[PDB]
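> Generate a structure from the sequence data that follows.
(chains A and B)
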2 protein chains.
Amino acid sequence: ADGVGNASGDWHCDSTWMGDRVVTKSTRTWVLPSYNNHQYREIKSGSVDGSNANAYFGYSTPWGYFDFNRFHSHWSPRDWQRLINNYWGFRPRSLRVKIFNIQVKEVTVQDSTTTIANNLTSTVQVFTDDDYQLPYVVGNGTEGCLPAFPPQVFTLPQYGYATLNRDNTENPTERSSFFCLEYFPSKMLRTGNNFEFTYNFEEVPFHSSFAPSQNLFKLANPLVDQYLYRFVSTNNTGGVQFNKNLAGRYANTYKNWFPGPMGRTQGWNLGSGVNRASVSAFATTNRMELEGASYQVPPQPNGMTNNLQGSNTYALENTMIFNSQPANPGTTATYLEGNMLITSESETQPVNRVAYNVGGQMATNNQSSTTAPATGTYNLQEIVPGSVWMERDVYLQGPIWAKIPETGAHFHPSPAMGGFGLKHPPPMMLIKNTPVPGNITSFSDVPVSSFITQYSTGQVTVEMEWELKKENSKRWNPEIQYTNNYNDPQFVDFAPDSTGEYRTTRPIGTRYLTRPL
Amino acid sequence: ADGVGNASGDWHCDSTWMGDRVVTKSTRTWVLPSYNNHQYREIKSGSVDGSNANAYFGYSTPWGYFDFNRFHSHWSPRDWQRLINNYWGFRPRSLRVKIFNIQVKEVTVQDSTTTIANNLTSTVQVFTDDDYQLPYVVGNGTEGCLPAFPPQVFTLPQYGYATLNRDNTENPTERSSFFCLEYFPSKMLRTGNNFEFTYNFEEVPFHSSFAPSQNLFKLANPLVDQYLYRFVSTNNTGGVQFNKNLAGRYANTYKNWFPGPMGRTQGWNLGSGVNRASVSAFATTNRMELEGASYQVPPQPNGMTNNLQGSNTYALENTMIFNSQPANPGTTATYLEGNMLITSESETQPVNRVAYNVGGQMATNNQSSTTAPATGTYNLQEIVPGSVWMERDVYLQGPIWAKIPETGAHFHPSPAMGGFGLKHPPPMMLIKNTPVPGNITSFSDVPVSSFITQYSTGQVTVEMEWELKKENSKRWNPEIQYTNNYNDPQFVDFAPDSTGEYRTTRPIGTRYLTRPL
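Numbering: from 1, shown residues only, chains lettered A, B, ... in the order given. Sure, structure below:
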């Protein structure tokens, strides 16, 4: 029933499209190193690369964690296409995770033989953090998620966190906190044991995957004039003059609604664009301040568009930039446009303001008979009553959710990188190898530092349920679809290479179907 | 309830996607001329344009008919896209037609005033031919269908047919038959009256809209060898030698299945292809014989592909060729490639043989010590046991169904032009204006030849139900979709022009999703 020669799970990887629901099942194989050699280590940094915003104080743990938070973990490229071409929206309903077929392997080294055997009596520890009492590291856009491609085996990331540091240095504060993860009740698993967990997502709005089919400022009827008048000019006396707003003149018409917030970020020309030679580009990025340090915010807040339709100019600090292939840890290499997957928000340009331009102008003075009217442009503007914008699009390579920070107050909790802001997101699932001491022949009151070196492996299946929003549209002519289109392909995209390396050439977002404002 | 000031129907134009069903409703406005001036006229022709296959004998009638038989009558360009991108097949389940809001208009001419008034007492006659007793003219690819675009008003075609003629001349036979359409019971309708009809399609196979994802002859595993051997050669003595069939050598492997039938038609190079100058091209087309005359068959039989993938060469006598815009009756103008919508069957090239090449070769002799083996190519081959092919694709601009001719025998009744072969297709719905005599002050035994000139108009709604075949596929990577893609468009396609003229630039077929053999 439960033992060494009986499998504790099966491989469920599949998708089931039923009505407005869809359930996606994905199973992967993982391997867990024994991190720190069963130690909690205090990690810290001072200012590096000329910035004291890189200073931190924190801890690294023996534990490791499961990260479900990228879309390609749950979705096939063909299932993502079926979703984005056919639907106006989706949101996650529920989640359940299972960890099974555990294998603990003891490794030994004598004169460089390095033999490996399996320890049938050894245990692994697993707990889920249901009450959100640990620092939540998942939604921050870091590596270690289940692979995009099911055959791939992956290592679990090491768990660690940064607490408060003092005066932008590597030293701690009195409010720097240490969290022991052994002080949670956890479940201990041998080979025949398995683990199961179930979670229900809180109510969130649908991700709206459509593009606006109208301009925000062109919403008026082009055939009929307005009954509203505008101040046109003033005669040779100071007397003021008025004209009627006519038909399709959209510069002059009255508006109910206004674009979303903005801040200006530098545009850079990809491809044939000429740009400028030998820029260092760190000093001129947009920044914010905390605690006397200056941080780059590489996504900006929502309400802008990084690219304007078919132009070469991108903001690059308003963009999500991906690599076409995974990289080694700590790679300082320089990459070009061809190596990069550079997303475009230009499907939102009707309702959103371009990031590399000014946002408008306002009056800078009071006129008189003596002085003429004057204006000036503004490079930043924030939330205004009657504003409408679109949120950052979601990509198959991008994050599903984020956790809203726990403080007093927040506004419109939509993550800048993308996805769903969640007060109670899917909990963190943490796992470690239980230590097995080496040969100890004596009593000592100092803790045991000599352990059998070992690692564990197994399978994990995740099952998510998604709610779908049907596309109900009276558009007569055909729409834009995500299609598989390449001229003289030397390989097929989203498939293994001749070596076995899985290749993804281009990013895929959700906004294709079009809808009127 | 039923009268002049009460509408007898409503405008239903819509589509409802429910599960595997979809119902498409479309309403149009029609106008019916009074044809022949209420006369049956015997029409005939001798050999014209140098061909006695153009000779015929037949009759034209005062009647006119409703023709539902093109796909764009029932389908929007956006609904056709949703169909062909998401589904593996469809077939019609049921049909119902309604004719309502009848208006009869009397026209009079005095000294070129040409006034028009409405005759409230005048009638229109409508019958459906349920028993298939009339010549069925609908499925033959001729004009007069409900428009593609709902705002358009259309004239009903005049009903007529050709019977037997004698010795390829304009004269009749003893088996030439005359059908009076007054000798059917029909329903007479004034302004407040309406007509309704319901029909259930007989069981037919799904139109298979997918492309094959494998080659017919490449179905073997490329990794493993066959256990079968081939005759390779013979040594210096006549002794015969054999080799094993190896792995991925698909020229040499044994086959279970064979391509469909063929006949060779001349290929012609579109676009930059050089072709040949000043060809008359009628004498060299493929033909068949009946009754001592020679007819061009401009579609060929099924089982070939007109285009080979991205080549410029087309068969043009294996192709369905459409005009991007409707034309006037009897237009002798010459058209170029740009005016034409030229379909490609190349998605069937894995399973179907190209029409402009030979189909293979066979042994032409018996060898000996004296004579060497010889072969020769064949330009035509027909149905063979174990043949597999794909049927002609259906297009939004093309016919839905055809009627299988009533004879003793037939084989595989799939129409060459496309769609569904039907023993009992949707009946013909015939309509005429009832005659109103002019002023007759005397008795004569010769029939009344003087009538009030008048026409009628109204609305017709058609409602069809379609059964759908879900696409169930394990393909990992994305597929090809029909997308709305144009570089620097000066107009939007499948929408009215600045003048109001509805524009369709390109043909749309059903085969996009891919499936393995």
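
> Only C-alpha atoms from now on, for both contacts and neighbour counts.
Will do.

> Point me to the residue of the stretch 401-517 of chain A nearest chain B.
Residue nearest to chain B within the stretch 401-517 of chain A: residue A:478 (4.4 Å; Cα to the nearest Cα).

> now the residue of the stretch 201-350 of chain A found nearest chain B: how far from residue A:321?
For the stretch 201-350 of chain A and chain B, the shortest gap (Cα to the nearest Cα) falls at residue A:310, measuring 10.7 Å. Here residue A:310 is placed at a distance of 18 Å from residue A:321 (Cα to Cα, to the nearest Å).

> quick one, which of the two is more surrounded?
Just comparing residue A:310 and residue A:321: by other Cα atoms under 10 Å in any protein chain shown the higher neighbour count belongs to residue A:321, 16 against 8.

> Please name the nearest non-neighbouring residue to the more buried one.
residue A:342 (4.8 Å; Cα to Cα, 6 or more residues apart in numbering or on different chains).

> Is residue A:38 in contact with residue A:158, as I believe?
No: if you go by Cα atoms under 8 Å, residue A:38 and residue A:158 don't touch, sitting 11.9 Å apart.

> joint contacts of the two?
Residues touching both residue A:38 and residue A:158 by Cα atoms under 8 Å, 6 or more residues apart in numbering or on different chains: A:61, A:62.

> The residue in the stretch 101-250 of chain A that chain B sits nearest to: how many residues sit nearby?
Nearest residue of the stretch 101-250 of chain A to chain B, counting by Cα to the nearest Cα: residue A:149, 9.5 Å away. A count of neighbours around residue A:149, defined by other Cα under 10 Å, yields 22.

> Backbone dihedrals for it, both of them.
phi -110, psi 120 (degrees, to the nearest 10).

> Provide a list of residues in contact with it.
With the criterion set at Cα under 8 Å, 6+ apart, residue A:149 makes contact with A:73, A:502.

> swap in residue A:66?
A:144, A:145, A:146, A:156, A:157, A:428, A:429, A:430.

> Closest one to residue A:497 out of those residues, please.
For the contacts of residue A:66, the closest approach to residue A:497 (Cα to Cα) belongs to residue A:146, at 19.9 Å.

> and the closest one, how far is that from residue A:461?
10 Å.

> Of the two, which one has the most company?
residue A:146 (28 against 20).

> Do I have it right that the more buried one meets residue A:65?
No: using Cα under 8 Å, residue A:146 is not in contact with residue A:65, being 10.8 Å away.

> just checking, the residue of the stretch 401-517 of chain A closest to chain B touches residue B:85?
No: using Cα under 8 Å, residue A:478 makes no contact with residue B:85, being 11.5 Å away.

> of the two, who's got more company?
Shown here are residue A:478 and residue B:85; by other Cα under 10 Å, residue B:85 has more neighbours (24 against 21).

> Touching, the more buried one and residue B:512? I think so.
Yes: the criterion here is Cα under 8 Å, and residue B:85 meets it with residue B:512 at 6.4 Å.

> Give me the common contacts of those two.
By Cα under 8 Å, 6+ apart, residue B:85 and residue B:512 have these common neighbours: B:481, B:482.

> what residues does chain A put near chain B?
Within chain A, the residues that sit near chain B (Cα under 8 Å from any Cα of the partner chain) are A:76-78, A:81-82, A:86, A:475-485, A:493-495.

> and those, which are buried?
With burial judged by 16 or more other Cα atoms under 10 Å in any protein chain shown, the buried subset of the residues of chain A next to chain B is A:76-78, A:81-82, A:86, A:477-479, A:481-482, A:493-495.

> ok, now which ones touch residue A:268?
Residue A:268 neighbours (Cα under 8 Å, 6+ apart): A:275, A:312, A:313, A:314, A:315, A:316.

> May I have the beta-bridge partners of the fourth one?
Going back to what we said before, that points to residue A:314. Note on residue A:314: beta-bridge partners residue A:268, judged by DSSP bridges.

> need the strands for the stretch 301-450 of chain A, in chain order.
All strands of the stretch 301-450 of chain A, identified by DSSP state E, counting those that start in this stretch, fall at A:304-305, A:313-314, A:321-323, A:340-342, A:353-354, A:360-363, A:375-378, A:380-381, A:387-388, A:401-403, A:420-422, A:429-433.

> which strands and helices sit next to the helix ranked longest in chain A?
Across chain A, the longest stretch assigned as helix under DSSP state H is helix A:77-86. Helices and strands touching helix A:77-86, as assessed by 3 or more Cα pairs under 8 Å, 6 or more residues apart in numbering or on different chains; DSSP states H and E, are absent.

> what angle do that helix and helix B:77-86 make?
170 degrees (axes from the mean of the first three to the mean of the last three Cα atoms, to 10 degrees).

> Partner strands of the following helix or strand past helix A:77-86 and their direction?
Remark: after helix A:77-86, the chain's next helix or strand is strand A:87-108, criterion DSSP states H and E. Strand A:87-108 has its sheet partners listed here by DSSP bridges as strand A:115-118 (antiparallel), strand A:195-200 (antiparallel), strand A:207-208 (antiparallel), strand A:454-470 (antiparallel).

> ok so, going back, give me phi/psi at the residue of the stretch 201-350 of chain A closest to chain B?
Backbone torsions for residue A:310, taken as degrees, to the nearest 10, come to phi -90, psi 20.

> Quickly note the distance from it to residue B:482.
Residue A:310 sits 21 Å away from residue B:482, taking Cα to Cα as the criterion.

> Ok, residue A:135 next?
Going from residue A:135 to residue B:482 by Cα to Cα gives 47 Å.

> swap in residue A:51?
Counting by Cα to Cα, the gap from residue A:51 to residue B:482 is 51 Å.

> just to revisit the earlier point, list the residues that are in contact with both of residue A:146 and residue A:461.
Residues touching both residue A:146 and residue A:461 by Cα under 8 Å, 6+ apart: residue A:28.

> related to what we said a few turns ago, mind listing which of the residues of chain A next to chain B are in strands?
Judged by DSSP state E, strands contain the following of these: residue A:495.

> follow-up on the earlier one: ok, of the contacts of residue A:268, which come out buried?
By 16+ other Cα under 10 Å, the contacts of residue A:268 give A:313, A:314, A:315, A:316 as buried.

> so the second one makes contact with residue A:269?
Going back to what we said before, that points to residue A:314. Yes: in this structure, residue A:314 is within contact of residue A:269 by Cα under 8 Å, at 6.2 Å.

> The residue of the stretch 51-200 of chain A found nearest chain B: what's it in contact with?
Taking Cα to the nearest Cα, chain B has its nearest neighbour within the stretch 51-200 of chain A at residue A:78, 4.4 Å off. If you count contacts by Cα under 8 Å, 6+ apart, residue A:78 has them with B:475, B:476, B:477, B:478, B:479.
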